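Enquirer: Pasting final-v1.txt here (compact mmCIF, C-alpha atoms and all ligand atoms):
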```
# COMPACT_ATOMS: atom_id res chain seq x y z
CA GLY V 1 -17.83 -3.21 -27.35
CA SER V 2 -16.24 -5.59 -24.85
CA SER V 3 -15.11 -3.52 -21.86
CA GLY V 4 -12.89 -6.41 -20.81
CA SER V 5 -13.26 -10.13 -20.19
CA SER V 6 -16.76 -10.99 -21.43
CA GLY V 7 -16.41 -14.28 -23.27
CA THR V 8 -14.86 -16.51 -20.61
CA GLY V 9 -16.29 -19.79 -21.86
CA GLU V 10 -15.23 -19.54 -25.50
CA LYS V 11 -16.88 -22.54 -27.16
CA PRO V 12 -14.71 -24.64 -29.51
CA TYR V 13 -17.33 -24.98 -32.24
CA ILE V 14 -18.90 -21.76 -33.51
CA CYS V 15 -20.84 -21.12 -36.72
CA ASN V 16 -19.79 -18.25 -38.98
CA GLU V 17 -22.79 -18.13 -41.31
CA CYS V 18 -25.17 -17.01 -38.55
CA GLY V 19 -22.90 -16.75 -35.52
CA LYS V 20 -24.00 -19.49 -33.14
CA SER V 21 -22.06 -21.60 -30.64
CA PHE V 22 -22.13 -25.33 -29.88
CA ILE V 23 -20.45 -27.96 -27.70
CA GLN V 24 -20.27 -31.04 -29.93
CA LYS V 25 -18.81 -31.18 -33.44
CA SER V 26 -21.71 -33.10 -34.99
CA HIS V 27 -24.12 -30.51 -33.58
CA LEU V 28 -22.40 -27.73 -35.53
CA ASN V 29 -21.60 -29.71 -38.68
CA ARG V 30 -25.27 -30.71 -38.61
CA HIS V 31 -26.42 -27.14 -37.97
CA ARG V 32 -24.37 -25.28 -40.58
CA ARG V 33 -26.32 -27.32 -43.12
CA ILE V 34 -29.44 -25.29 -42.33
CA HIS V 35 -27.80 -22.53 -44.38
CA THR V 36 -26.46 -24.57 -47.30
CA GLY V 37 -28.84 -27.19 -48.65
CA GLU V 38 -31.90 -27.63 -50.86
CA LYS V 39 -34.82 -25.36 -49.97
CA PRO V 40 -38.05 -25.15 -52.01
CA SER V 41 -38.73 -21.45 -51.46
CA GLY V 42 -36.90 -18.72 -49.57
CA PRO V 43 -36.58 -14.92 -49.41
CA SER V 44 -32.79 -15.22 -49.29
CA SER V 45 -32.90 -11.56 -48.24
CA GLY V 46 -31.75 -9.65 -45.18
ZN ZN X 101 -25.25 -21.26 -38.44
```
I need this file expressed as structure tokens, please.
Ligand SMILES: [Zn+2]

Expert:
Amino acid sequence: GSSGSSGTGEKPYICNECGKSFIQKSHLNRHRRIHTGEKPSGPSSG
């Protein structure tokens, strides 16, 4: 785990679907889409 202070620069915008971080709002709001949208074919498996 986190011994102590690891995440010093906690970004404001952070995705929950995958778990990524961003600086701008549009960047995230435009990224999250990747998950939810309209894909032709996908394994949708993990
Ligand atoms: Zn994401």

Enquirer: Which chains and residue numbers are within 9 Å of ligand ZN 101 (chain X), counting only C-alpha atoms and all ligand atoms, if I want them as a PyMOL selection string?

Expert: chain V and resi 14-21+28+31-35

Enquirer: What is the distance, in Å and to one decimal place, between atom CA of residue 8 of chain V and atom CA of residue 30 of chain V?

Expert: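 The value is 25.2 Å.
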
Enquirer: Rounded to one decimal in Å, what is the spacing between atom CA of residue 36 of chain V and atom CA of residue 24 of chain V?

Expert: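 Calculated distance between atom CA of residue 36 of chain V and atom CA of residue 24 of chain V is 19.5 Å.
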
Enquirer: When you draw a straight line from atom CA of residue 39 of chain V to atom CA of residue 27 of chain V, how long is it in Å?

Expert: 20.2 Å

Enquirer: Start from the incomplete input, build N, CA, C and O atoms for segment 1-13 of chain V, and deliver everything as an mmCIF file, keeping the file's coordinate frame.

Expert:
```cif
data_model
loop_
_atom_site.group_PDB
_atom_site.id
_atom_site.type_symbol
_atom_site.label_atom_id
_atom_site.label_comp_id
_atom_site.auth_asym_id
_atom_site.auth_seq_id
_atom_site.Cartn_x
_atom_site.Cartn_y
_atom_site.Cartn_z
ATOM 1 N N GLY V 1 -18.670 -2.044 -27.152
ATOM 2 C CA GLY V 1 -17.830 -3.210 -27.350
ATOM 3 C C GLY V 1 -17.622 -3.996 -26.067
ATOM 4 O O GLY V 1 -18.424 -3.902 -25.138
ATOM 5 N N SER V 2 -16.546 -4.776 -26.019
ATOM 6 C CA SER V 2 -16.240 -5.590 -24.850
ATOM 7 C C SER V 2 -15.313 -4.840 -23.895
ATOM 8 O O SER V 2 -14.103 -4.782 -24.111
ATOM 9 N N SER V 3 -15.889 -4.271 -22.841
ATOM 10 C CA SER V 3 -15.110 -3.520 -21.860
ATOM 11 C C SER V 3 -13.855 -4.291 -21.461
ATOM 12 O O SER V 3 -12.764 -3.726 -21.398
ATOM 13 N N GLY V 4 -14.016 -5.584 -21.196
ATOM 14 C CA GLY V 4 -12.890 -6.410 -20.810
ATOM 15 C C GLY V 4 -13.118 -7.880 -21.093
ATOM 16 O O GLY V 4 -13.341 -8.270 -22.238
ATOM 17 N N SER V 5 -13.063 -8.698 -20.046
ATOM 18 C CA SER V 5 -13.260 -10.130 -20.190
ATOM 19 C C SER V 5 -14.749 -10.482 -20.150
ATOM 20 O O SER V 5 -15.344 -10.593 -19.078
ATOM 21 N N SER V 6 -15.341 -10.654 -21.328
ATOM 22 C CA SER V 6 -16.760 -10.990 -21.430
ATOM 23 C C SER V 6 -16.946 -12.460 -21.773
ATOM 24 O O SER V 6 -17.661 -13.183 -21.082
ATOM 25 N N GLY V 7 -16.299 -12.899 -22.848
ATOM 26 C CA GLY V 7 -16.410 -14.280 -23.270
ATOM 27 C C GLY V 7 -15.401 -15.180 -22.574
ATOM 28 O O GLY V 7 -14.324 -15.449 -23.110
ATOM 29 N N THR V 8 -15.746 -15.644 -21.377
ATOM 30 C CA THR V 8 -14.860 -16.510 -20.610
ATOM 31 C C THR V 8 -14.913 -17.944 -21.124
ATOM 32 O O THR V 8 -13.880 -18.588 -21.300
ATOM 33 N N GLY V 9 -16.124 -18.438 -21.368
ATOM 34 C CA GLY V 9 -16.290 -19.790 -21.860
ATOM 35 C C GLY V 9 -16.374 -19.851 -23.375
ATOM 36 O O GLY V 9 -17.420 -20.184 -23.930
ATOM 37 N N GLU V 10 -15.272 -19.524 -24.044
ATOM 38 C CA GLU V 10 -15.230 -19.540 -25.500
ATOM 39 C C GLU V 10 -15.410 -20.955 -26.037
ATOM 40 O O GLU V 10 -14.510 -21.788 -25.934
ATOM 41 N N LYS V 11 -16.580 -21.221 -26.608
ATOM 42 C CA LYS V 11 -16.880 -22.540 -27.160
ATOM 43 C C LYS V 11 -15.939 -22.870 -28.314
ATOM 44 O O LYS V 11 -15.518 -21.998 -29.075
ATOM 45 N N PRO V 12 -15.601 -24.161 -28.449
ATOM 46 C CA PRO V 12 -14.710 -24.640 -29.510
ATOM 47 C C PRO V 12 -15.352 -24.560 -30.889
ATOM 48 O O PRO V 12 -14.730 -24.111 -31.851
ATOM 49 N N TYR V 13 -16.603 -25.000 -30.978
ATOM 50 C CA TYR V 13 -17.330 -24.980 -32.240
ATOM 51 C C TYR V 13 -18.268 -23.781 -32.313
ATOM 52 O O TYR V 13 -19.148 -23.614 -31.467
#
```
